[PDB]
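Source file: protein10.txt; contents: compact mmCIF, C-alpha atoms.
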# COMPACT_ATOMS: atom_id res chain seq x y z
CA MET X 1 18.81 -38.27 -8.08
CA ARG X 2 16.66 -35.22 -8.71
CA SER X 3 13.69 -33.36 -7.27
CA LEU X 4 11.89 -30.04 -7.44
CA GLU X 5 9.29 -28.29 -5.32
CA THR X 6 6.58 -25.82 -6.26
CA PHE X 7 3.35 -24.23 -5.10
CA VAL X 8 0.78 -21.51 -5.67
CA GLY X 9 -1.34 -18.95 -3.85
CA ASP X 10 -3.78 -16.39 -5.19
CA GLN X 11 -5.17 -13.32 -3.46
CA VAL X 12 -8.16 -11.05 -3.94
CA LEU X 13 -8.17 -7.27 -3.66
CA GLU X 14 -10.73 -4.49 -3.48
CA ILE X 15 -10.48 -1.78 -6.11
CA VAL X 16 -12.39 1.48 -6.13
CA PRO X 17 -12.44 3.01 -9.62
CA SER X 18 -13.95 6.33 -10.63
CA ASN X 19 -12.43 7.37 -13.93
CA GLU X 20 -12.62 5.65 -17.30
CA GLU X 21 -8.85 5.46 -17.60
CA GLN X 22 -8.72 3.59 -14.32
CA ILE X 23 -11.41 1.26 -15.62
CA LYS X 24 -9.55 0.76 -18.88
CA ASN X 25 -6.52 -0.09 -16.77
CA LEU X 26 -7.94 -3.22 -15.18
CA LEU X 27 -9.39 -4.42 -18.46
CA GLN X 28 -5.98 -3.89 -20.01
CA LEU X 29 -4.51 -5.92 -17.17
CA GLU X 30 -6.98 -8.79 -17.34
CA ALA X 31 -6.60 -8.44 -21.09
CA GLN X 32 -2.95 -9.45 -20.88
CA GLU X 33 -3.42 -13.05 -21.93
CA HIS X 34 -1.40 -14.53 -19.09
CA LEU X 35 -2.81 -13.55 -15.71
CA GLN X 36 -6.36 -14.33 -16.78
CA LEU X 37 -7.90 -12.70 -13.73
CA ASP X 38 -11.61 -12.84 -12.99
CA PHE X 39 -13.58 -9.81 -11.87
CA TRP X 40 -16.13 -10.34 -9.12
CA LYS X 41 -17.94 -7.03 -9.45
CA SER X 42 -18.03 -5.94 -13.07
CA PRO X 43 -15.69 -2.95 -12.74
CA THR X 44 -16.88 -1.99 -16.21
CA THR X 45 -18.24 1.13 -14.55
CA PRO X 46 -17.06 3.19 -11.57
CA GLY X 47 -18.75 3.27 -8.19
CA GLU X 48 -18.73 -0.51 -8.13
CA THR X 49 -15.75 -1.95 -6.29
CA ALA X 50 -13.95 -4.82 -7.96
CA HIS X 51 -12.71 -8.02 -6.34
CA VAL X 52 -10.54 -10.22 -8.52
CA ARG X 53 -8.36 -13.08 -7.31
CA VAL X 54 -4.94 -11.80 -8.31
CA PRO X 55 -2.00 -14.21 -8.05
CA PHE X 56 0.56 -13.40 -5.39
CA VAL X 57 3.21 -13.75 -8.07
CA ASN X 58 1.25 -11.09 -9.92
CA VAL X 59 0.19 -9.27 -6.77
CA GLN X 60 3.30 -7.11 -6.90
CA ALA X 61 3.32 -6.20 -10.57
CA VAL X 62 -0.34 -5.46 -9.97
CA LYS X 63 0.29 -3.50 -6.79
CA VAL X 64 2.69 -1.42 -8.85
CA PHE X 65 0.15 -1.07 -11.64
CA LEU X 66 -2.66 0.21 -9.47
CA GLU X 67 -0.36 2.85 -8.02
CA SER X 68 1.02 3.59 -11.47
CA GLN X 69 -2.51 4.17 -12.70
CA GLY X 70 -2.96 6.29 -9.60
CA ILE X 71 -5.79 4.10 -8.37
CA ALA X 72 -6.91 3.00 -4.93
CA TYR X 73 -7.23 -0.64 -3.92
CA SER X 74 -7.20 -2.83 -0.83
CA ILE X 75 -6.29 -6.30 0.37
CA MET X 76 -9.40 -8.38 0.96
CA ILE X 77 -7.98 -11.76 1.91
CA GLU X 78 -4.36 -12.84 2.08
CA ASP X 79 -2.89 -16.32 2.31
CA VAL X 80 -1.51 -17.92 5.45
CA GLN X 81 0.55 -21.05 4.90
Take the structure from the file and write it as structure tokens.
Amino acid sequence: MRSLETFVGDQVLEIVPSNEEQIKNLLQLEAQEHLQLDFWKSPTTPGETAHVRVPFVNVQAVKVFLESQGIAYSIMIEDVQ
């Protein structure tokens, strides 16, 4: 007499770097062996927007990070049940 439910849902986002610190931020993020995010456009350098599929569960902590790092991002595609 037991049961449990679960699910998932990722989400991409557009980032517009410019400084090295901001670039080192992402790396540091993706570095955190846990999220394991993939970068669409090698954000290695500025001028090139990034589009990684961040997990909704990590969309917040990330949303806080970007701001924390004083960066500018955007929501590419969401997730409608």
Skip range 4-20 of chain X itself and residues of its chain fewer than 2 positions away, then list as a PDB file with C-alpha atoms, in the coordinates of the input all residues within 10 Å of it, counting only C-alpha atoms.
ATOM      1  CA  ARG X   2      16.660 -35.220  -8.710  1.00  0.00           C
ATOM      2  CA  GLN X  22      -8.720   3.590 -14.320  1.00  0.00           C
ATOM      3  CA  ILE X  23     -11.410   1.260 -15.620  1.00  0.00           C
ATOM      4  CA  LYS X  24      -9.550   0.760 -18.880  1.00  0.00           C
ATOM      5  CA  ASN X  25      -6.520  -0.090 -16.770  1.00  0.00           C
ATOM      6  CA  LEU X  26      -7.940  -3.220 -15.180  1.00  0.00           C
ATOM      7  CA  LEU X  37      -7.900 -12.700 -13.730  1.00  0.00           C
ATOM      8  CA  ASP X  38     -11.610 -12.840 -12.990  1.00  0.00           C
ATOM      9  CA  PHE X  39     -13.580  -9.810 -11.870  1.00  0.00           C
ATOM     10  CA  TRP X  40     -16.130 -10.340  -9.120  1.00  0.00           C
ATOM     11  CA  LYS X  41     -17.940  -7.030  -9.450  1.00  0.00           C
ATOM     12  CA  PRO X  43     -15.690  -2.950 -12.740  1.00  0.00           C
ATOM     13  CA  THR X  44     -16.880  -1.990 -16.210  1.00  0.00           C
ATOM     14  CA  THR X  45     -18.240   1.130 -14.550  1.00  0.00           C
ATOM     15  CA  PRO X  46     -17.060   3.190 -11.570  1.00  0.00           C
ATOM     16  CA  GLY X  47     -18.750   3.270  -8.190  1.00  0.00           C
ATOM     17  CA  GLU X  48     -18.730  -0.510  -8.130  1.00  0.00           C
ATOM     18  CA  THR X  49     -15.750  -1.950  -6.290  1.00  0.00           C
ATOM     19  CA  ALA X  50     -13.950  -4.820  -7.960  1.00  0.00           C
ATOM     20  CA  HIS X  51     -12.710  -8.020  -6.340  1.00  0.00           C
ATOM     21  CA  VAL X  52     -10.540 -10.220  -8.520  1.00  0.00           C
ATOM     22  CA  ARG X  53      -8.360 -13.080  -7.310  1.00  0.00           C
ATOM     23  CA  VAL X  54      -4.940 -11.800  -8.310  1.00  0.00           C
ATOM     24  CA  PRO X  55      -2.000 -14.210  -8.050  1.00  0.00           C
ATOM     25  CA  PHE X  56       0.560 -13.400  -5.390  1.00  0.00           C
ATOM     26  CA  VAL X  57       3.210 -13.750  -8.070  1.00  0.00           C
ATOM     27  CA  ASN X  58       1.250 -11.090  -9.920  1.00  0.00           C
ATOM     28  CA  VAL X  59       0.190  -9.270  -6.770  1.00  0.00           C
ATOM     29  CA  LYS X  63       0.290  -3.500  -6.790  1.00  0.00           C
ATOM     30  CA  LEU X  66      -2.660   0.210  -9.470  1.00  0.00           C
ATOM     31  CA  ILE X  71      -5.790   4.100  -8.370  1.00  0.00           C
ATOM     32  CA  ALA X  72      -6.910   3.000  -4.930  1.00  0.00           C
ATOM     33  CA  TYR X  73      -7.230  -0.640  -3.920  1.00  0.00           C
ATOM     34  CA  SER X  74      -7.200  -2.830  -0.830  1.00  0.00           C
ATOM     35  CA  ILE X  75      -6.290  -6.300   0.370  1.00  0.00           C
ATOM     36  CA  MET X  76      -9.400  -8.380   0.960  1.00  0.00           C
ATOM     37  CA  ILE X  77      -7.980 -11.760   1.910  1.00  0.00           C
ATOM     38  CA  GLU X  78      -4.360 -12.840   2.080  1.00  0.00           C
ATOM     39  CA  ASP X  79      -2.890 -16.320   2.310  1.00  0.00           C
ATOM     40  CA  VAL X  80      -1.510 -17.920   5.450  1.00  0.00           C
ATOM     41  CA  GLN X  81       0.550 -21.050   4.900  1.00  0.00           C
TER      42      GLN X  81
END
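For the pair CA of residue 70 in chain X and CA of residue 36 in chain X, the separation is 22.1 Å.
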- So how many Å separate CA of residue 68 in chain X and CA of residue 34 in chain X, to one decimal? 19.8 Å
Build an axis-aligned box that encloses every atom of range 5-13 of chain X listed in the file, pad it by 8 Å on each side, and report its centre and edge lengths in Å to one decimal, as JSON.
{"center_x": 0.6, "center_y": -17.8, "center_z": -4.9, "size_x": 33.5, "size_y": 37.0, "size_z": 18.8}
